[PDB]
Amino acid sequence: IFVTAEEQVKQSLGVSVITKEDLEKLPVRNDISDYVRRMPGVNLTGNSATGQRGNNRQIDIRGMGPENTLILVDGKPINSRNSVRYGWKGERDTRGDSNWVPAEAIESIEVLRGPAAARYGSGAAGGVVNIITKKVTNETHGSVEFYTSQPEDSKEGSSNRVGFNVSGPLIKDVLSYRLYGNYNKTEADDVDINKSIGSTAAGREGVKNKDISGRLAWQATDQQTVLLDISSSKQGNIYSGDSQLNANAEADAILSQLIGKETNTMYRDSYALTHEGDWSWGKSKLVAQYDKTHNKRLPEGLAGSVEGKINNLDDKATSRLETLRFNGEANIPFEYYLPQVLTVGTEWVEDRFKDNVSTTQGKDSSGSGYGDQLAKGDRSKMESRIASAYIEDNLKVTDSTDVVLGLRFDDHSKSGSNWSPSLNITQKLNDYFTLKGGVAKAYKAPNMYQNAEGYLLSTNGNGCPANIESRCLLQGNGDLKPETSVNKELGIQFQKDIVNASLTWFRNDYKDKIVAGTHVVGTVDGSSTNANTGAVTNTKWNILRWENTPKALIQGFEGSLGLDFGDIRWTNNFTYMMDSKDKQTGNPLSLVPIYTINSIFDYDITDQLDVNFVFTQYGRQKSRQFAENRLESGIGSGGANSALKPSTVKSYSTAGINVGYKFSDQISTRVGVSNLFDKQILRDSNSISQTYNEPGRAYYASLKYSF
């Protein structure tokens, strides 16, 4: 049977595929990023290379930053983090969107890196993580699973899960369901975990997850199928003391009270309806989906020494993000000169966003604050629309040569239209080798804060670019161009039986990335009235705006190695990172080790008994190297002492073992330990390299009923 372009590029070098089986052999604590991170060209890093909110690490692909990692679930985009205020330097106080589907509910995970991911449009310049959930089943198969992790160190949080999955027929062979549920609670790290090295940065914040999700599958005709997906999730945090400038939580009037409490809460509801036709001329797929996300959390400083810190014990505000999305698509096999499979498709997406707490700034009772002049109209509501169409061909150019030619057109309501060409070649050399490559141009539309004229922020001086003197404002920009990136990869794939290997060069030229601008587009006079006196004072502000900056360069090598001896097996990879630099600042896009080596080992001792070993090795993580504002350039209010202090985390390694006993056909269980050598790093507030907590030694166990 025929093979579409989409299917074919999942044979690309920059693609890997995790199974339910892998996931079982190496249990996750909560967030799957802890297993996804082990793939070639993948990292776990903060939202920006500044290090702020460093324990908020999420899936990074080839060092392009997590804003550039598009998470999908069964093919449908998640975008809940856009709820969260995106700040002056690219920071967001989110944990991201790789934690919406409980580990035990996952059938498969597809990681697409580089050229193979540009297909999927806005936000895929880094890559795509496609979480594939368990399927409907024509006989009732059940699962219940528990998990616990138990850190040696008293100050690190233990974690606990329970969850179920059940699927069956309601009507044999025409209507069937899948339903899965999960309650996870990972306790926070103590407030004071990082103190023993003079550091005021918080440890990891905890999370209570509540997830429920339902699928109905209906075979309406011999050639027509209808899927319904309804899911709802709630994520409530457990506050560990985090704050953008790493204040001393325990000695802060307010924060000290919020510890161990829920200060932010993330709600997500999602509905999708899908129709799939199986026609004589080929195949078709229509999708409607609607997503509703609320972001409820305590308010915060939005400038100065209080920036990024909680103002208040009580007055929670909520932000509301609705997405409606439609997708239609057809696959037709035909033969003109060569065998082909033409894909042709349409996509429509609209976003509506309410945010009334971030979109207030420079409002003054005189009616002449800086924002009263620059931002008029309802600043609280933002719209985005993308209309897209694409065409794709999978050609057998020879019985040895498989080639994919795609083109994608995108038209965004603010940024304009944009073309994304996409080549992808597979070329057998012989029974054992094969050559592979792709070139693709990825897209990303501005994020809503970056676009929005009603979003204003300020510094008194320190945040200003080193070449400006006093006070700067940063406004959103409706006239931004979209982010574009030409992503190339090329490599060799080897496979005898028992042995396989790849090596692949990758290189992305990332263009017009949207960031805090450095040119003053003009100036404005802003009145600031004294609350109690009515005394006015006018301030000349320099106006900066979000702006696309010309070029960043990413480059490196991925290799992988597989050694299968039946009962004994080894899966290893490495990734070497030759280049991560913006050609203007000289800084890296995203803090990631210069190299990362991974090894997984499996040995089935008996049919029941199993042992499993994991080892990971990280080369050196350098900090940002070059100043981009007054403070960093040694001319802020703190002078030369507050100047940038580049530093680099020294390389290191961690390991883990399991013994995995299947007590029965029905009952499984797995006991193990992680960071076997207690290689434990604490987050240093006085550094811009040591930005995160590497958890120490932890004993964990998981048992699974299967009925």
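In case it trips you up, residue 1 is the first one in the sequence shown, and so on.
Between the stretches 459-467 and 72-80, it is 459-467 that shows the larger average CA temperature factor. When 521-529 is weighed against 591-599, 521-529 comes out higher, by mean CA B-factor as recorded in the entry.
Each of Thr293, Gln244, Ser485, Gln257 has a CA temperature factor in the record; the biggest one is found at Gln257. In this entry, the residue among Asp93, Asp315, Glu110, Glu205 with the greatest C-alpha B factor is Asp315. Sorting the modelled residues of the chain by their CA temperature factor places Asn675 in the middle third. When the CA B factors of the chain's modelled residues are split into thirds, the value for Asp579 lands in the lowest one.
In the PDB entry, a CA B factor belonging to the highest third of its chain's modelled residues is recorded for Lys376.
Ranked by Cα temperature factor within the chain, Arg320 sits in the middle third according to the deposited record. Among all modelled residues in this chain, the alpha-carbon of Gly406 has a temperature factor (C-alpha) in the middle third.
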